[PDB]
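Peer 1: let's see this in three dimensions:
(chains A, B, C, D, E, F, G and H, ligands or ions: 1)
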Amino acid sequence: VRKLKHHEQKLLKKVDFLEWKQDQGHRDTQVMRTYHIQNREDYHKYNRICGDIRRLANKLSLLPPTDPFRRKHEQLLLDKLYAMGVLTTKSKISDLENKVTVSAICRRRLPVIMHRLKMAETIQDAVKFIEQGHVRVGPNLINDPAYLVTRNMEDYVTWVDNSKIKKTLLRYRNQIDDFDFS
Amino acid sequence: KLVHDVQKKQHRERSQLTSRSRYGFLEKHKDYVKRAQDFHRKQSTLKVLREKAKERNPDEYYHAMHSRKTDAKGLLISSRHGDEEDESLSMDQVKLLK
Amino acid sequence: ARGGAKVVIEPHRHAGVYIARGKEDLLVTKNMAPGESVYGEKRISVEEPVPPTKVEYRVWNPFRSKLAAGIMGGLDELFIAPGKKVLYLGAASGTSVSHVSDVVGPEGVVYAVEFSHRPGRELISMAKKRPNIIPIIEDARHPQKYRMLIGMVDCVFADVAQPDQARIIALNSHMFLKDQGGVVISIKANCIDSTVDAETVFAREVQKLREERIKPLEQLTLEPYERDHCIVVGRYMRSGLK
Amino acid sequence: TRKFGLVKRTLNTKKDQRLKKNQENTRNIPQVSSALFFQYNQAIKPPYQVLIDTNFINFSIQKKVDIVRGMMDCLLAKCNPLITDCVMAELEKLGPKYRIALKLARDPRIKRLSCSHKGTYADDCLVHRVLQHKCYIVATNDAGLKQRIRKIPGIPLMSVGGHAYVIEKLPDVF
Amino acid sequence: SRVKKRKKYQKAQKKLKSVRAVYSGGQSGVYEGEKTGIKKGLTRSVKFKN
Amino acid sequence: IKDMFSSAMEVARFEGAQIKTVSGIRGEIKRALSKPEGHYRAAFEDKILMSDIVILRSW
Amino acid sequence: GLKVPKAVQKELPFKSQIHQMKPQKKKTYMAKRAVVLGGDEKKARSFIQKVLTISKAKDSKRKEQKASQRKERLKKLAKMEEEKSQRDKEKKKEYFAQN
Amino acid sequence: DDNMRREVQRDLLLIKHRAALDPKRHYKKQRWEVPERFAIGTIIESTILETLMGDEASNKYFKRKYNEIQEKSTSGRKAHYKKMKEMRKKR
Ligand SMILES: [Zn+2]
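Peer 2: Numbering: from 1, shown residues only, chains lettered A, B, ... in the order given. Dropping the coordinates below:
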């Protein structure tokens, strides 16, 4: 507000308009920038799931360790959370509470994957190509930027065929073929 | 420590057989170790460079694929003059430069 | 180091001071009154654009001036500046005070103070080509005598070799010196005390300055140029000396 | 003609200036003294000017020596011992069961010299009066202060042991 | 031994010109400034810490 | 490697021998080359030069 | 220098394609145009190329002189690190021999 | 300005590398980036590039000390490569 003086300071030791304990460090904004996600409520739509992983992790930690339910049941779950690809490794059972973060689930987003597979140059520019309609998964093109992509389905993202951005790529290698009308 | 000055004397190195002087300069050990380092300083930057050939991912699109062009053999060409401004003189510039 | 060679001038880290980066380097300040060197030092000329005007630069001999080595030994903050008033003490001639006039420029003034008449007579004749120098020929031990002539100076300079050097600055720092404006003492070890050592006088004259509410910032020794001196850049706190 | 990849404008934390934590956003090489030789310190000649700790006074009482008369036995020349203003502020702060040291500290042959500090802590008042001049001769018996001065070149440290005092870095012992 | 004392001190007086800038002579020549050069950013001055 | 062994039978008395060079690389001598009477193939650990002189230690 | 095979150089990703400028053969108009000041300027252009040769090599020998004495100093430095390593073990026996 | 550059550019390039001009001087170690504002001038009581090559003692020094580095930089490279391929081929 004012860079209040030293005697103003001690009466206002606690007031701050920009940063609140309720606001929690602005972690939600801070990862919305790093992954460039469109609408604001998208974070806490993941962070309700990413919290719900840990609540199932916790009560499955409260069962006794030599229980053939419990031993079966999180390894049943780490099969799925690795196939979807939110977590890097399948070995640790305590990745399921420690490595399950929103920024883990927010980088199996489609524009991050187009930046991981070096399709677009940056991560904003990949959102620019999805929204304009140049990218596709198998048959159908995808148009929501915020498409989660399975690690299995991560094989199949390509540029949409006959596009003006898959035509320019093939001109760089001097390998167009207009019988494909690339 | 406890060693004479004669025990640390010298051991000189001998030269090429003078009958075999055509194939000049016999290489000792310390002249081989300059040769096998900087072959392994070539493969280790070539096996890496061949490893990027296996993983090209041919859907990659960087936005500087308009200024670069490629020769018909397949490897790219870059201009001698380098700059964006030394391309080719216009007819009005030649009409002044002549 | 001849009259033929051409030298690059470059602004020093301190304002108003200029370095002459040649084959060897020189310390240089712009001559306010061109065409005349006041004690025969070799002066540099340039030209700046009407045909280009002549701007003459005068070399700043280290061995002549006790201030001069401290620049060339390296001081962090020299409180003399191209706009500020500056009080000078013990300017026998224009050996150094003509230099201090040129570095404060045509805006700020310099108050030359020295007691003796025959060096003071020379200080008059130089002061009528440099408008900044107004010379005062009263004794520096009695500042109430020239109280009418000087008002609110921004940094004093002390080149007195009298052994009561701390009291002769306190009576000039309390009554003339603008608060929070620095004090550049130049201590000579032989002229204060010849019995005790060179370094004791330096530890004695600093502690005498701290009694007079001058927190001294840094201390230089200027040894390769002059034997056994110090210049001690102070700051006149007067209020919050801690 | 609206732009692509639009996103709700929101508050940068790593970059904005209005935040408190983000509000924040010439070398110096001190010359080794013109007195000093490699370690010899060729300037110090008698009489000496010796700084004194709290601890040097306290062990002076237990070992039954005068300050001034007892220092001249160790030192063999004349000396002017001088307690700073920080050190006298410690001797008062030690309190009631050290008051016999506080009487012996204020003696008109024991000089006092002021300092310009914001503090009582004289263990670091003292080294700072030593680096900037190197004419003094520190009298301590603090363990950490000895290690703080034995790294400084050319400063005769002085401690009390057994009967009389001892000096360390004087080359002119006798 | 009186030579090795001489050739030590004469060797350990060259080092003294390299650690600090020791006084030498005066100025007997004509020239004013410095041969080795000026630096702007050195500030070889003991600053009085608080 | 030439002119170390005289006959192709002389090589066969010596195959499997840990040959070394001046440069310090090791190797073995493996088969007697036939069509000239003296020479033999030898596998070193790295590419021998032409300028290099193989020596087989013996007692 | 290393010479990459062209079959390796062809299928490289776009980030790392090595820029190898072909030599020019047909004489450019500019290289038939430009004037070279000869005579007195040649004596003052040979000389600058003769000074900058000296000051590059005087640097790269003295810069090599530091990393020769860097190698010697850290050998002397690690020897002082080893004595402060072993003797620090010996105190923590003679301390805990009391305890 | 960008006029009168050449007699200035040769001069400043002869000051950024002034350690090499005489093997007895050995200035302090500094970098001397070209400053933003400067004014080349002479000493009142022939630019330094023209001044220096008019000397004979320095000009005989650089011709020796340039051939003596270029006797070293040539030494391994390709004249030495062709001679070793020459003696194998010649006999
Ligand atoms: Zn204090």
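Peer 1: name the element residue C:9 belongs to?
Peer 2: Here residue C:9 sits within strand C:6-11, counting by DSSP states H and E.
Peer 1: and residue H:42, by the same measure?
Peer 2: Taking DSSP H and E as the criterion, residue H:42 maps to strand H:39-44.
Peer 1: so how far is that strand from its chain's centroid?
Peer 2: Centroid separation for strand H:39-44 versus its chain: 23 Å, with C-alpha atoms, centre = their mean, to the nearest Å.
Peer 1: elements contacting it?
Peer 2: In terms of contacts (3 or more C-beta pairs under 8 Å, 6 or more residues apart in numbering or on different chains; DSSP states H and E), strand H:39-44 is packed against strand C:6-11, strand C:43-48, strand C:53-59. For the C-beta atoms, the positions are set from N, CA and C on the backbone; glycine is no exception.
Peer 1: okay, those in a markdown table with distance to residue C:78 next?
Peer 2: Below are the helices and strands packed on strand H:39-44 laid out as a markdown table (distance: least, C-beta to C-beta, whole Å):
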| stretch | distance to residue C:78 |
| --- | --- |
| strand C:6-11 | 14 |
| strand C:43-48 | 21 |
| strand C:53-59 | 18 |
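Peer 1: out of these, nearest to chain E?
Peer 2: If you check each of the helices and strands packed on strand H:39-44 against chain E by C-beta to the nearest C-beta, strand C:53-59 wins as the nearest, at 5.2 Å.
Peer 1: show me what the helix or strand just after that closest one is packed up against.
Peer 2: Once the chain leaves strand C:53-59, the next helix or strand it forms, by DSSP H and E, is helix C:66-73. Where contact means 3+ C-beta pairs under 8 Å, 6+ apart, helix C:66-73 is packed against strand C:25-30, helix C:97-104, strand C:182-188, strand C:214-220, strand C:229-236.
Peer 1: phi, psi of the residue in chain F positioned nearest to chain H?
Peer 2: Evaluated by C-beta to the nearest C-beta, chain F has residue F:50 as its residue closest to chain H, separated by 7.5 Å. For residue F:50, the backbone dihedrals (degrees, to the nearest 10) come out as phi -90, psi -30.
Peer 1: got it, and residue A:64?
Peer 2: phi -70, psi 150.
Peer 1: let me see the ranges of the helices in chain E.
Peer 2: E:4-9, E:16-19 (DSSP state H).
Peer 1: ok, and does the first one reach over to chain D?
Peer 2: The reference is to helix E:4-9. No. Using C-beta under 8 Å from any C-beta of the partner chain, helix E:4-9 stays clear of chain D, coming no nearer than 10.9 Å.
Peer 1: that older thread, looking at the helices and strands packed on strand H:39-44, which is buried most?
Peer 2: strand C:6-11 (a mean of 21; mean count of other C-beta atoms under 10 Å in any protein chain shown).
Peer 1: so which residue is dead centre in chain E?
Peer 2: residue E:21 (2.4 Å; C-alpha atoms, centre = their mean).
Peer 1: can you check chain G too?
Peer 2: Note: chain G centre (C-alpha atoms, centre = their mean) maps to residue G:60, 8.7 Å.
Peer 1: in a helix, that's where that one is, yeah?
Peer 2: Yes. Assessed with DSSP: H, G, I helix; E, B strand; the rest coil, residue G:60 lies in a helix.
Peer 1: near chain A, which residues of chain C?
Peer 2: Counting by C-beta under 8 Å from any C-beta, no residue of chain C is near chain A.
Peer 1: for chain A, what's the nearest residue on chain C?
Peer 2: Nearest residue of chain C to chain A, counting by C-beta to the nearest C-beta: residue C:240, 14.3 Å away.
Peer 1: can you tell me how far that residue is from residue C:180?
Peer 2: 10 Å (C-beta to C-beta, to the nearest Å).
Peer 1: neighbour count: the two, which is higher?
Peer 2: Neighbours per residue (other C-beta atoms under 10 Å in any protein chain shown) separate residue C:240 from residue C:180, with residue C:180 holding more: 12 against 9.
Peer 1: residues touching that one, list them.
Peer 2: Residues in contact with residue C:180 (C-beta atoms under 8 Å, 6 or more residues apart in numbering or on different chains) are C:235-237.
Peer 1: cutoff 10 Å now
Peer 2: Neighbouring residues of residue C:180 by C-beta atoms under 10 Å, 6 or more residues apart in numbering or on different chains: C:154, C:235-240.
Peer 1: just name the closest of the residues you listed to chain F, please.
Peer 2: Of those, the one sitting nearest to chain F (C-beta to the nearest C-beta) turns out to be residue C:235, at 70.6 Å.
Peer 1: helices of the chain, start to end?
Peer 2: Let's take chain A. A:6-11, A:27-35, A:42-59, A:68-83, A:95-98, A:102-105, A:110-116, A:123-132, A:166-172.
Peer 1: hmm, I had chain G in mind actually
Peer 2: Counting by DSSP H, chain G has helices at residues G:6-10, G:30-33, G:40-43, G:46-94.
Peer 1: likewise chain B?
Peer 2: With helices called from DSSP H, chain B shows them at B:29-32, B:37-43, B:47-54, B:91-97.
Peer 1: OK, now which residue of chain E is nearest to chain A?
Peer 2: Nearest to chain A in chain E, going by C-beta to the nearest C-beta, is residue E:50, at a distance of 20.0 Å.
Peer 1: ok, the closest residue to that residue other than its chain neighbours to residue C:166 distance?
Peer 2: Spatially, and ignoring its direct neighbours in sequence, residue E:50 is nearest to residue D:117 (6.4 Å; C-beta to C-beta, 6 or more residues apart in numbering or on different chains). Residue D:117 sits 20 Å away from residue C:166 when distances are taken as C-beta to C-beta.
Peer 1: what's the burial count for the residue of chain E found nearest chain F?
Peer 2: Using C-beta to the nearest C-beta, the closest approach of chain E to chain F is made by residue E:11 at 43.4 Å. Residue E:11 has 10 neighbours, counted by other C-beta under 10 Å.
Peer 1: how about residue D:142?
Peer 2: 18.
Peer 1: ok, now residue D:64?
Peer 2: The burial count for residue D:64: 8, using other C-beta under 10 Å.
Peer 1: sec struct for it, please.
Peer 2: Secondary structure, three-state DSSP: residue D:64 is coil.
Peer 1: before we move on, what about the one 5 residues further on?
Peer 2: Taken by three-state DSSP, the conformation at residue D:69 corresponds to helix.
Peer 1: contact partners for it?
Peer 2: By C-beta under 10 Å, 6+ apart, residue D:69 lies in contact with residue D:109.
Peer 1: cool, and the one 5 residues further on?
Peer 2: When the contact criterion is C-beta under 10 Å, 6+ apart, the partners of residue D:74 are D:65, D:139, D:158-161, D:163-167, D:170, D:173.
Peer 1: just the buried members of the residues you listed?
Peer 2: Burial by neighbour count, 16 or more other C-beta atoms under 10 Å in any protein chain shown: within those this picks out D:65, D:139, D:158-160, D:165, D:167, D:170.
Peer 1: what's the first-to-last distance across stretch A:169-182?
Peer 2: 10 Å (C-alpha to C-alpha, to the nearest Å).
Peer 1: in it, what's buried?
Peer 2: A:169-170, A:172-173, A:176, A:182.
Peer 1: same deal with stretch C:141-160?
Peer 2: Going by neighbour count (16+ other C-beta under 10 Å), the buried part of stretch C:141-160 is C:143, C:146, C:150, C:153-160.
Peer 1: got it, and stretch A:54-68?
Peer 2: Neighbour-count burial for stretch A:54-68, counted by 16+ other C-beta under 10 Å, picks out A:57, A:60.
Peer 1: show me how far it is from its chain's centre.
Peer 2: Centre-to-centre, stretch A:54-68 and its host chain are 27 Å apart (C-alpha atoms, centre = their mean).
Peer 1: good, wrapping up.
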